[PDB]
>>> print(open('query_10.tsv').read())   # TSV, C-alpha atoms
chain	number	residue	atom	x	y	z
A	1	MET	CA	76.91	85.67	94.76
A	2	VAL	CA	80.42	87.29	94.99
A	3	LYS	CA	81.07	90.91	95.97
A	4	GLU	CA	84.24	93.05	95.68
A	5	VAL	CA	86.18	94.63	98.59
A	6	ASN	CA	87.56	98.11	98.14
A	7	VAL	CA	89.67	100.29	100.35
A	8	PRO	CA	87.36	103.02	101.88
A	9	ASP	CA	89.33	105.84	103.59
A	10	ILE	CA	93.11	105.58	104.46
A	11	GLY	CA	93.74	109.27	105.24
A	12	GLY	CA	96.02	110.13	102.23
A	13	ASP	CA	97.97	109.28	99.07
A	14	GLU	CA	99.22	105.66	98.64
A	15	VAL	CA	99.73	102.85	101.22
A	16	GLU	CA	100.90	99.22	101.28
A	17	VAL	CA	99.88	96.11	103.25
A	18	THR	CA	101.89	95.22	106.42
A	19	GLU	CA	99.31	92.79	107.96
A	20	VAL	CA	96.69	91.18	105.71
A	21	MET	CA	94.67	89.92	108.75
A	22	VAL	CA	91.94	87.89	106.90
A	23	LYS	CA	92.29	85.01	104.32
A	24	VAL	CA	90.53	82.79	101.71
A	25	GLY	CA	87.28	81.68	103.53
A	26	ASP	CA	87.40	83.91	106.61
A	27	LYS	CA	84.50	85.50	108.47
A	28	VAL	CA	84.43	89.34	108.02
A	29	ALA	CA	82.13	92.07	109.28
A	30	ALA	CA	82.09	95.87	108.98
A	31	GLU	CA	84.18	97.87	111.57
A	32	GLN	CA	86.25	94.63	112.07
A	33	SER	CA	89.67	95.48	110.66
A	34	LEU	CA	90.64	93.85	107.32
A	35	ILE	CA	94.25	94.81	106.43
A	36	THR	CA	96.90	96.90	108.30
A	37	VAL	CA	98.44	99.40	105.82
A	38	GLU	CA	101.72	101.44	105.92
A	39	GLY	CA	103.79	103.97	103.84
A	40	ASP	CA	105.29	106.94	105.80
A	41	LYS	CA	106.22	107.30	109.50
A	42	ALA	CA	102.80	106.02	110.73
A	43	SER	CA	100.77	102.75	110.80
A	44	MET	CA	97.12	102.70	109.50
A	45	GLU	CA	94.30	100.09	109.24
A	46	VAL	CA	91.49	99.33	106.79
A	47	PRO	CA	88.23	97.67	108.04
A	48	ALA	CA	85.57	95.75	106.16
A	49	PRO	CA	83.43	97.74	103.53
A	50	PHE	CA	80.65	95.34	104.63
A	51	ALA	CA	79.92	91.89	106.16
A	52	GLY	CA	80.11	88.15	105.09
A	53	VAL	CA	83.04	85.89	104.12
A	54	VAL	CA	86.19	86.18	101.97
A	55	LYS	CA	86.56	84.18	98.71
A	56	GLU	CA	89.64	85.27	96.60
A	57	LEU	CA	92.29	88.14	96.73
A	58	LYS	CA	94.98	89.19	94.18
A	59	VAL	CA	96.95	91.11	96.87
A	60	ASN	CA	100.09	90.55	99.05
A	61	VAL	CA	101.68	91.82	102.28
A	62	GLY	CA	104.07	94.46	101.03
A	63	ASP	CA	101.76	95.18	98.07
A	64	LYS	CA	99.65	98.36	97.39
A	65	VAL	CA	96.21	99.69	98.27
A	66	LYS	CA	94.55	103.17	98.14
A	67	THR	CA	90.96	104.53	98.16
A	68	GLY	CA	88.83	102.38	95.88
A	69	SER	CA	91.38	99.61	95.06
A	70	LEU	CA	89.78	96.10	94.73
A	71	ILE	CA	91.45	94.51	97.86
A	72	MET	CA	89.66	91.16	97.57
A	73	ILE	CA	86.40	89.42	96.58
A	74	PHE	CA	83.87	88.54	99.31
A	75	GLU	CA	80.57	86.69	99.10
A	76	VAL	CA	77.87	87.63	101.64
A	77	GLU	CA	77.71	84.24	103.48
A	78	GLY	CA	77.03	80.92	101.65
A	79	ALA	CA	75.97	78.37	104.22
A	80	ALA	CA	79.43	76.75	104.78
>>> encode(input="query_10.tsv", output="structure tokens")
Amino acid sequence: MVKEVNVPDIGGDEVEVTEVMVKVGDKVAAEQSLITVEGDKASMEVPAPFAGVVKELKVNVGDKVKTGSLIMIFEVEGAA
């Protein structure tokens, strides 16, 4: 049962990905950072909208994300 991953709150405007911490199959949980995002003079981070594992992601490091954007597709466990 897949689920989508959006970008919650990243303070302002538009940001890009500097460190895409998780990958295709990883173990993610809320509050546990997902992707480190940049854009101005500061460095920001984006945690997990919810918990489970990662399945697929049409995003790169140096690519763009902003509030709502479909970061990647998760699937809430799936007895690996």
>>> closest_residue(input="query_10.tsv", among="A:68, A:78, A:52, A:39", to="residue 7 of chain A", atoms="only C-alpha atoms")
A:68
>>> closest_residue(input="query_10.tsv", among="A:51, A:56, A:77, A:71", to="residue 35 of chain A", atoms="all atoms listed in the file")
A:71
>>> closest_residue(input="query_10.tsv", among="A:27, A:55, A:66, A:41", to="residue 12 of chain A", atoms="all atoms listed in the file")
A:66
>>> closest_residue(input="query_10.tsv", among="A:10, A:21, A:59, A:72", to="residue 42 of chain A", atoms="all atoms listed in the file")
A:10
>>> atom_distance(input="query_10.tsv", atom1="atom CA of residue 18 of chain A", atom2="atom CA of residue 58 of chain A")
15.3 Å
>>> closest_residue(input="query_10.tsv", among="A:46, A:53, A:73, A:79", to="residue 16 of chain A", atoms="only C-alpha atoms")
A:46
>>> atom_distance(input="query_10.tsv", atom1="atom CA of residue 2 of chain A", atom2="atom CA of residue 76 of chain A")
7.1 Å
>>> residues_around(input="query_10.tsv", residues="residue 67 of chain A", least_positions_apart="3", cutoff="10 Å", atoms="only C-alpha atoms", output="PyMOL selection string")
chain A and resi 6-15+70
>>> atom_distance(input="query_10.tsv", atom1="atom CA of residue 4 of chain A", atom2="atom CA of residue 29 of chain A")
13.8 Å
>>> closest_residue(input="query_10.tsv", among="A:45, A:19, A:38, A:26", to="residue 61 of chain A", atoms="only C-alpha atoms")
A:19
>>> build_atoms(input="query_10.tsv", residues="segment 31-64 of chain A", atoms="N, CA and C atoms", output="PDB file, in the frame of the given file")
ATOM      1  N   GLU A  31      83.456  97.379 110.329  1.00  0.00           N
ATOM      2  CA  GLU A  31      84.180  97.870 111.570  1.00  0.00           C
ATOM      3  C   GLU A  31      85.288  96.887 112.085  1.00  0.00           C
ATOM      4  N   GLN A  32      85.253  95.658 111.642  1.00  0.00           N
ATOM      5  CA  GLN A  32      86.250  94.630 112.070  1.00  0.00           C
ATOM      6  C   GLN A  32      87.404  94.757 111.071  1.00  0.00           C
ATOM      7  N   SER A  33      88.482  95.305 111.539  1.00  0.00           N
ATOM      8  CA  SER A  33      89.670  95.480 110.660  1.00  0.00           C
ATOM      9  C   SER A  33      89.961  94.364 109.625  1.00  0.00           C
ATOM     10  N   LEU A  34      90.324  94.775 108.450  1.00  0.00           N
ATOM     11  CA  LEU A  34      90.640  93.850 107.320  1.00  0.00           C
ATOM     12  C   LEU A  34      92.151  93.635 107.043  1.00  0.00           C
ATOM     13  N   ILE A  35      92.774  94.744 106.748  1.00  0.00           N
ATOM     14  CA  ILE A  35      94.250  94.810 106.430  1.00  0.00           C
ATOM     15  C   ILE A  35      94.974  96.052 107.033  1.00  0.00           C
ATOM     16  N   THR A  36      96.076  95.809 107.675  1.00  0.00           N
ATOM     17  CA  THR A  36      96.900  96.900 108.300  1.00  0.00           C
ATOM     18  C   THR A  36      97.770  97.439 107.151  1.00  0.00           C
ATOM     19  N   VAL A  37      97.662  98.712 106.907  1.00  0.00           N
ATOM     20  CA  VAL A  37      98.440  99.400 105.820  1.00  0.00           C
ATOM     21  C   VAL A  37      99.461 100.472 106.297  1.00  0.00           C
ATOM     22  N   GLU A  38     100.576 100.490 105.624  1.00  0.00           N
ATOM     23  CA  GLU A  38     101.720 101.440 105.920  1.00  0.00           C
ATOM     24  C   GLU A  38     102.156 102.346 104.737  1.00  0.00           C
ATOM     25  N   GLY A  39     103.248 103.049 104.918  1.00  0.00           N
ATOM     26  CA  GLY A  39     103.790 103.970 103.840  1.00  0.00           C
ATOM     27  C   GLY A  39     104.698 105.142 104.270  1.00  0.00           C
ATOM     28  N   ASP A  40     104.417 105.797 105.361  1.00  0.00           N
ATOM     29  CA  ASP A  40     105.290 106.940 105.800  1.00  0.00           C
ATOM     30  C   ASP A  40     106.134 106.691 107.104  1.00  0.00           C
ATOM     31  N   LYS A  41     105.686 107.320 108.141  1.00  0.00           N
ATOM     32  CA  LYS A  41     106.220 107.300 109.500  1.00  0.00           C
ATOM     33  C   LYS A  41     105.144 106.705 110.446  1.00  0.00           C
ATOM     34  N   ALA A  42     103.947 106.569 109.942  1.00  0.00           N
ATOM     35  CA  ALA A  42     102.800 106.020 110.730  1.00  0.00           C
ATOM     36  C   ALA A  42     102.238 104.645 110.264  1.00  0.00           C
ATOM     37  N   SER A  43     101.413 104.085 111.103  1.00  0.00           N
ATOM     38  CA  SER A  43     100.770 102.750 110.800  1.00  0.00           C
ATOM     39  C   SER A  43      99.233 102.927 110.694  1.00  0.00           C
ATOM     40  N   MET A  44      98.619 102.535 109.617  1.00  0.00           N
ATOM     41  CA  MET A  44      97.120 102.700 109.500  1.00  0.00           C
ATOM     42  C   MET A  44      96.404 101.341 109.257  1.00  0.00           C
ATOM     43  N   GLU A  45      95.118 101.339 109.452  1.00  0.00           N
ATOM     44  CA  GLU A  45      94.300 100.090 109.240  1.00  0.00           C
ATOM     45  C   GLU A  45      93.079 100.346 108.353  1.00  0.00           C
ATOM     46  N   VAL A  46      92.676  99.298 107.710  1.00  0.00           N
ATOM     47  CA  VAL A  46      91.490  99.330 106.790  1.00  0.00           C
ATOM     48  C   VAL A  46      90.458  98.261 107.200  1.00  0.00           C
ATOM     49  N   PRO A  47      89.289  98.648 107.667  1.00  0.00           N
ATOM     50  CA  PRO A  47      88.230  97.670 108.040  1.00  0.00           C
ATOM     51  C   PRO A  47      87.371  97.212 106.846  1.00  0.00           C
ATOM     52  N   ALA A  48      86.491  96.326 107.170  1.00  0.00           N
ATOM     53  CA  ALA A  48      85.570  95.750 106.160  1.00  0.00           C
ATOM     54  C   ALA A  48      84.439  96.644 105.524  1.00  0.00           C
ATOM     55  N   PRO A  49      84.493  96.919 104.229  1.00  0.00           N
ATOM     56  CA  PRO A  49      83.430  97.740 103.530  1.00  0.00           C
ATOM     57  C   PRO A  49      81.989  97.294 103.899  1.00  0.00           C
ATOM     58  N   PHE A  50      81.916  96.037 104.225  1.00  0.00           N
ATOM     59  CA  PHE A  50      80.650  95.340 104.630  1.00  0.00           C
ATOM     60  C   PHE A  50      80.934  93.945 105.261  1.00  0.00           C
ATOM     61  N   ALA A  51      79.886  93.227 105.552  1.00  0.00           N
ATOM     62  CA  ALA A  51      79.920  91.890 106.160  1.00  0.00           C
ATOM     63  C   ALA A  51      79.799  90.607 105.243  1.00  0.00           C
ATOM     64  N   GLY A  52      80.158  89.485 105.813  1.00  0.00           N
ATOM     65  CA  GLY A  52      80.110  88.150 105.090  1.00  0.00           C
ATOM     66  C   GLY A  52      81.434  87.378 105.192  1.00  0.00           C
ATOM     67  N   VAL A  53      81.779  86.677 104.154  1.00  0.00           N
ATOM     68  CA  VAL A  53      83.040  85.890 104.120  1.00  0.00           C
ATOM     69  C   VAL A  53      83.960  86.310 102.952  1.00  0.00           C
ATOM     70  N   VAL A  54      85.178  85.856 103.034  1.00  0.00           N
ATOM     71  CA  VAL A  54      86.190  86.180 101.970  1.00  0.00           C
ATOM     72  C   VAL A  54      86.294  84.998 100.986  1.00  0.00           C
ATOM     73  N   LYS A  55      86.455  85.288  99.726  1.00  0.00           N
ATOM     74  CA  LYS A  55      86.560  84.180  98.710  1.00  0.00           C
ATOM     75  C   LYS A  55      87.951  84.167  98.027  1.00  0.00           C
ATOM     76  N   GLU A  56      88.290  85.198  97.300  1.00  0.00           N
ATOM     77  CA  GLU A  56      89.640  85.270  96.600  1.00  0.00           C
ATOM     78  C   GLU A  56      90.323  86.671  96.752  1.00  0.00           C
ATOM     79  N   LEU A  57      91.613  86.801  96.596  1.00  0.00           N
ATOM     80  CA  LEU A  57      92.290  88.140  96.730  1.00  0.00           C
ATOM     81  C   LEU A  57      93.644  88.214  95.959  1.00  0.00           C
ATOM     82  N   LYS A  58      93.705  89.063  94.973  1.00  0.00           N
ATOM     83  CA  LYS A  58      94.980  89.190  94.180  1.00  0.00           C
ATOM     84  C   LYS A  58      95.875  90.279  94.824  1.00  0.00           C
ATOM     85  N   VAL A  59      96.094  90.128  96.098  1.00  0.00           N
ATOM     86  CA  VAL A  59      96.950  91.110  96.870  1.00  0.00           C
ATOM     87  C   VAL A  59      97.949  90.458  97.874  1.00  0.00           C
ATOM     88  N   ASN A  60      99.068  91.089  98.091  1.00  0.00           N
ATOM     89  CA  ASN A  60     100.090  90.550  99.050  1.00  0.00           C
ATOM     90  C   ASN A  60     100.500  91.489 100.225  1.00  0.00           C
ATOM     91  N   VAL A  61     101.260  90.966 101.140  1.00  0.00           N
ATOM     92  CA  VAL A  61     101.680  91.820 102.280  1.00  0.00           C
ATOM     93  C   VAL A  61     103.058  92.308 101.784  1.00  0.00           C
ATOM     94  N   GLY A  62     102.962  93.559 101.549  1.00  0.00           N
ATOM     95  CA  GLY A  62     104.070  94.460 101.030  1.00  0.00           C
ATOM     96  C   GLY A  62     103.646  95.019  99.654  1.00  0.00           C
ATOM     97  N   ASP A  63     102.410  94.752  99.337  1.00  0.00           N
ATOM     98  CA  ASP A  63     101.760  95.180  98.070  1.00  0.00           C
ATOM     99  C   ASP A  63     100.989  96.509  98.275  1.00  0.00           C
ATOM    100  N   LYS A  64     100.398  97.052  97.250  1.00  0.00           N
ATOM    101  CA  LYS A  64      99.650  98.360  97.390  1.00  0.00           C
ATOM    102  C   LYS A  64      98.105  98.469  97.333  1.00  0.00           C
TER     103      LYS A  64
END
